[PDB]
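Structural description and commentary
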Amino acid sequence: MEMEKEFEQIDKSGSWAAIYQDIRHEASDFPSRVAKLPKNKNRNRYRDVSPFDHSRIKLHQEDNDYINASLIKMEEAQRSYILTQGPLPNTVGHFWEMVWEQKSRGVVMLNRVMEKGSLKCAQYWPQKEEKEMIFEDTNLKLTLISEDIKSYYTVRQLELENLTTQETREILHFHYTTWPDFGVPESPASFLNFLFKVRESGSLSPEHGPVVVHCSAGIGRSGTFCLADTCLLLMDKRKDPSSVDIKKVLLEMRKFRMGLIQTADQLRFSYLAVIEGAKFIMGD
Ligand SMILES: O=C(O)c1cc(Cl)nc(Cl)c1
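Residues numbered from 1 in each chain as written, not as in the entry; some residues may be left out. Heavy atoms only, no water.

Method of determination for the deposited model, per the PDB record: X-ray crystallography, at 1.9240 Å resolution.

What follows covers the side chain of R43. In this fold, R43 is placed in the loop between α3 (33-36) and β1 (56-58). Within the buried set, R43 has no salt-bridge partner at all; the shortest N-O distance to an opposite charge, 5.0 Å, is to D63. Polar contacts involving the side chain of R43 include one to the main-chain carbonyl oxygen of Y66, which spans 3.0 Å. Sequence-distant contacts of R43, defined by excluding residues within four places in its chain, comprise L59, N64, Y66, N68, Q85, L88, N90, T91 and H94. (Helix = DSSP H or I, 4+ residues; strand = E, 2+ residues; numbered from the N terminus. Buried < 20%, exposed > 50% of the residue type's maximum accessible area, 1.4 Å probe, protein only. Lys, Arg positive; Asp, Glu negative; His and termini not counted. Salt bridge = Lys/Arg side-chain N within 4 Å of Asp/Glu carboxyl O. Polar contact = N/O pair within 3.5 Å; in protein donor to acceptor, adjacent residues only side chain to side chain. Contact = heavy atoms within 4.5 Å.)

Turning our eyes to something else, we now look at the environment of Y124. Positionally, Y124 belongs in the loop between β6 (118-119) and β7 (133-135). Under the relative-accessibility criterion, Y124 is labelled buried at 0%. Sequence separation of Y124 and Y66 is 58 residues, and the distance between their C-alpha atoms is 18 Å. Those residues in contact with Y124, other than ones at most four positions away along the chain, are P87, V92, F95, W96, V107, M109, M133, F135, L142, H173 and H214. A polar atom in the side chain of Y124 sits 2.9 Å from the side chain of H173. Within the structure, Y124 has its side chain in polar contact with the side chain of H214 (distance 2.7 Å).

Here we take up the pattern of salt bridges. Inspection of every chain in the model, using the stated rule, returns 17 salt bridges. We note a salt bridge from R238 to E76, for which the minimum N-O separation is 2.8 Å. Taken together, the residues span a long stretch of sequence, with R238 in the loop between α6 (221-237) and α7 (246-253) and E76 in the loop between β2 (66-74) and β3 (79-84) at a distance of 162 residues. Here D229 and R79 are joined by a salt bridge, their closest N and O atoms 2.8 Å apart. With a gap of 150 residues between them, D229 in helix α6 and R79 in strand β3 connect regions that are remote in the sequence. With respect to burial, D229 and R79 carry one shared label: buried. Here the salt bridges do not stand alone but share partners, grouping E6, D245, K247 and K248 into one network.

With that settled, the discussion passes to the UniProt feature "active site" in the chain. In the numbering used here, UniProt assigns the feature "active site" to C215. Tracing the backbone through its elements, the reader meets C215 in the loop between β11 (211-214) and α6. Of the residues examined, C215 reaches a relative accessible area of 4% and is grouped as buried. Look past the residues within four positions of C215 in its chain and what remains in contact with it is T84, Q85, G86, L110, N111, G220, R221 and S222. (UniProt positions renumbered as here; feature names shortened; annotations may be inferred.)

Put into structure tokens, the structure is as follows:
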């Protein structure tokens, strides 16, 4: 079926939970043996969210190459994404090593450091220009260059230096700051505006390594971001945009990381975002 009318048909019939459970039943199951080794317990935020072995990002280190991060490679859309958990106190240096080694330009953050009164990720970037951060375990230096605070998101320019080689690179930090503590946003308008700002920066383009996107577990809000992006790109590429099947795209993405899209409300929000976004792209 088309998307917008399949949407109204699920709303009127109140079957979002049944649609979402079908996706969970059909989703791929692949081994995640490296994630579960005992030496990696303090590298995982949640015991039930692990990267598959076949798609995990490897650190370029001979001691321990493990990080809870997955490469989602979308062949028809010609987009790649790295989805990862919010960094932990003992993985902030691994996080920036990955950014460096994979040649990423941008980092997309969809959570606040504290939500619901608890810490959802480490404070992994510097908050003042004159107070840079050094990560001694991976030999990197990170400096805040500039910061632009808007009503729904903040954009930061950062400098990452490889202290071994003295090479430097500019990284863009795109921080969506207004996702609610419970539920999903009422309108997708600010999320789409944010997605378009990431696109306009070049961070999603083939001349750079894959964008790094995270929330707390790296599957829920993060899944919504890449699913909406890929679906809109396919609608631009194809002769028949109504052929884009959001449930099939989600199942394809779940071959590369488990659990993408965590609730039936997130599934409904993804439909809403793609539907509204397809109108703004055009033509009109
Ligand atoms: O390239 C394709 O796979 C494809 C598939 C569908 Cl269903 N529609 C178009 Cl236009 C292209």
